[PDB]
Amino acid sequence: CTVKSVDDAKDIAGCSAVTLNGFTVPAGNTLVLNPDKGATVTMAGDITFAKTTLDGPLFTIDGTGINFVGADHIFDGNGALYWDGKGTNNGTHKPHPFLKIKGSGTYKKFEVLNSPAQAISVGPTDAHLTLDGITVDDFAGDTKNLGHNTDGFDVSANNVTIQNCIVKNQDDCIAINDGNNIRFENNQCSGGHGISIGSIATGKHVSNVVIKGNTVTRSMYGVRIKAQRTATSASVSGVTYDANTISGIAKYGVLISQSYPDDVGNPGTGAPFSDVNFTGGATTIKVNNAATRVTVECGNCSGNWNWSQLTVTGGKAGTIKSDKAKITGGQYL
């Protein structure tokens, strides 16, 4: 029941207490864990991934009711051996995502250090999945702006809570791409692109999202909801921003747009956004001198968007094109 190598990992059936020792995952290998229902998996060392040509994920764990106890250990992706400023858009191959977590349970207190590109992919789930006290430290990717597409958490899943986490990166802190009942609470995001829903693609539906109690600093955006201009059979419905403290924003405090990859222009109509609120505790957002406070670019949006608890200051005014939705502010114009 102690995993000391990629080959030991296949031999954990029957264990309710698995110890994951530190080792290197060699080039051309992946680390896959399929623990018994309800097993506790405890990390006892750091796992380093040698430079590899494989596609990600390089680590996959899938189980039901897993209790993952990180004990502050590290999954080291050696990202600086890949980073070239182009991420997964072009350039060198980037194994991505680095980690994949599927099923259900509670994952606590480990660090992903220097992912090649996107760090932690979440989903699908079979019951509630909680990620608590995880650090994605891709800060080294800031040097010469070489880190790219270093998303902290990419979520396509139902019934997820991500709380008490820290992300230092160059792209979305979280990107919620599909699923219902997703909570992102009491996290700290810096360096990247803020807290995102999307990009929403054809056939994807995000609903019942709570973004509460987070701090965002030194980022390109505060919060974003992005849908591909071309997406159809898609939606975002029921989003609540509550008690977020955001500052140091370079481009947009809030950008809600159906023009992606463009910020504005000819917004799409096939990925309707509805019921987007800033309520509960104040969400305060301070933007830089050249930044825009709030832009909403809707081709198809609906509902009574209560933005009473939003305050955005700094920078310049954006534009509001909310389609059928009625936005009741708040201070940001």
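All residue numbers are counted from 1 along the displayed sequence.
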### Query
Is the mean CA B factor in the deposited entry higher across 2-10 or across 322-330?
2-10
### Query
Looking only at CA atoms, which has the higher mean B factor in the entry: 179-187 or 259-267?
259-267
### Query
According to the PDB entry, is the CA B factor of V296 in the bottom, middle or top third of its chain, that is, lowest, middle or highest?
middle
### Query
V112's Cα B-factor: lowest, middle or highest third of the chain?
lowest
## Note on the structure
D72: C-alpha B-factor third of its chain, per the entry, is the middle
### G87 - Cα temperature factor, lowest/middle/highest third of chain
highest
### Message
Taking only the Cα B-factors deposited for this chain, tell me whether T60 sits in the lowest, middle or highest third.
### Response
lowest
